[PDB]
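Cβ placement follows ideal geometry from the backbone for every residue including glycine, while neighbour counts extend to all protein chains displayed. All of this is worked out from the model, or read from it or from the source named; none is laboratory data.
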Ligand SMILES: O=C(CCNCc1ccccc1)Nc1scc(-c2ccccc2)c1C(=O)NCc1ccccc1
């Protein structure tokens, strides 16, 4: 089997991407944020504290003839950015782009943090990291991909995120029309539960490429590119007037600037992030200070190849017995 679904930016800045997911019988379609940096499939629901729902579409398990309470199971997750959610668990039928899994754990939120409430466009998350990170207790559950994998034509999924435009998540096949050149594969460590890999270096604009190992995660659920402070300083030094603002929480730059590109290495291959991808717009409405899309990972403990990087590539998440990651230009 295979599946193929369009993923759509939630706003004009590509802050996140939502993908429609069918849950239950008859189907209830929710728009979920596919997150290769976490491993829980959770949704706003008929159980979510009413004051914490503001415009989201909810899953109502009592209206699904295939829903079953997973007795005694609870979940609770904290994200790297401080947001959180928690609740109880059903199993139900879940379909993405024509690919169906029966008995998928659907984590129903009883509580969500304010950042989730405040984003009416995201109805929940669909985790695509390794199932070792799943938070369901006392019996840890599998991701959608892990449940689907044996049925897929090939044990892979691909992320093809657009810049200011829709893109695609495919399951079970590689669309050879969706990228240029060849796909370069690179080793993955699953030790921390992530799609963790090592970039071979970087360049800023038309500058010379610096060979250096940068260990980080391929994370579709993180907006920005978080890299070591040395790399990030070298980037922003090429933008007149850019500075790190402790009050804003990262590098800002004049909105009148034209940003240089940023290149990262994948083995001997190179992925170029155009400068425009690195502009996240005014820090507040009407300001002429704009927020940068490349930020330091120094406070985080891990480098993160988030959407800013991934949307410059066609990315293969290869879930073979020894997982690997592939990147192609597009
Ligand atoms: O990049 C983001 C925000 C993603 N949503 C963007 C958005 C912006 C405006 C409006 C609506 C949505 N957070 C970061 S920054 C760094 C991390 C992180 C990830 C893993 C480990 C450590 C830190 C994260 C992070 O925790 N990402 C997972 C996540 C996914 C969705 C919601 C909440 C957390």
Practice task
Tell me which residues, restricted to region 1-32, are part of a loop (DSSP other than H, G, I, E, B) and either surrounded by fewer than 21 Cβ atoms within 10 Å (Cβ to Cβ) or near the ligand (Cβ under 10 Å from one of its atoms) (or both).
Solution key: 1, 2, 10, 11, 12, 13, 14, 15, 16, 25, 26, 27
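Consider residue 274 carefully, then state whether it is away from the ligand (no atom under 12 Å from the Cβ), in contact with a helix residue (DSSP H, G or I) (Cβ under 7 Å, 6 or more places away or on another chain), farther than 23 Å from residue 39 by Cα and not assigned by CATH to the domain that holds residue 157.
Taking the combined requirement at face value, the residue does not satisfy it.
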Exercise for the section: From the list 52, 47, pick out the single residue that is touching a helix residue (DSSP H, G or I) at 6+ places or on another chain (Cβ under 7 Å) and more than 14 Å from the ligand (Cβ to nearest atom). Expected result: 52
Completion exercise
Over region 258-271, the set of residues surrounded by 13 or more Cβ atoms within 10 Å (Cβ to Cβ), on the phi < 0 side of the Ramachandran plot and out of contact with any helix residue (DSSP H, G or I) (no Cβ under 9 Å at 6 or more places or on another chain) is 263, 265, 266, 269, 270
Handout entry: Among the candidates 108, 62, residue that is more than 13 Å from the ligand (Cβ to nearest atom), surrounded by fewer than 20 Cβ atoms within 10 Å (Cβ to Cβ) and either assigned to a loop (DSSP other than H, G, I, E, B) or not assigned by CATH to the domain that holds residue 311 (or both)
Key = 62
Exercise for the section: Return yes when residue 326 is part of a loop (DSSP other than H, G, I, E, B) and either touching a strand residue (DSSP E or B) at 6+ places or on another chain (Cβ under 8 Å) or in contact (Cβ under 8 Å) with a residue 60 or more places away in the chain (or both) and no when it is not. Expected result: no
Exercise for the section: Consider residue 35 carefully, then state whether it is under 28 Å from residue 194 (Cβ atoms) and either touching a strand residue (DSSP E or B) at 6+ places or on another chain (Cβ under 9 Å) or buried (at least 20 other Cβ atoms within 10 Å of the Cβ) (or both). Expected result: yes
Exercise for the section: Take region 111-123 and flag every residue that is within 20 Å of residue 24 (Cα to Cα) and near the ligand (Cβ under 10 Å from one of its atoms). Expected result: 122
Exercise for the section: Evaluate the following for residue 77: is it in a strand (DSSP E or B) and within 18 Å of the chain's Cα centre (by Cα)? Expected result: yes
Completion exercise
When region 41-59 is checked residue by residue, the ones that are surrounded by fewer than 19 Cβ atoms within 10 Å (Cβ to Cβ) and not in a loop (DSSP other than H, G, I, E, B) are 50, 51, 52
Practice task
Read through the list (1) part of a strand (DSSP E or B); (2) in contact (Cβ under 8 Å) with a residue 40 or more places away in the chain; (3) within 15 Å of the ligand (Cβ to nearest atom), then give the number of the only condition that residue 38 fails.
Solution key: (1)
Exercise for the section: Looking for whichever is outside the structural domain of residue 301 (by CATH) and crowded, with 16+ Cβ neighbours inside 10 Å here; the options are 193, 221, 216, 167. Which one fits? Expected result: 167
Practice task
Collect the residues in region 285-316 that are away from the ligand (no atom under 16 Å from the Cβ) and closer than 14 Å to residue 158 by Cβ, keeping them in residue-number order.
Solution key: 313, 314, 315, 316
Practice task
Tally the residues that are crowded, with 16+ Cβ neighbours inside 10 Å and within 16 Å of the ligand (Cβ to nearest atom), restricting the search to region 224-243.
Solution key: 6
Exercise for the section: Name the residue, out of 149, 142, that is without any contact (Cβ under 8 Å) to a residue 60 or more places away in the chain and either surrounded by fewer than 22 Cβ atoms within 10 Å (Cβ to Cβ) or out of contact with any helix residue (DSSP H, G or I) (no Cβ under 7 Å at 6 or more places or on another chain) (or both). Expected result: 142
Exercise for the section: Residues being within 16 Å of the ligand (Cβ to nearest atom), surrounded by fewer than 19 Cβ atoms within 10 Å (Cβ to Cβ) and within 14 Å of residue 135 (Cα to Cα): count how many of those fall in region 65-85. Expected result: 4
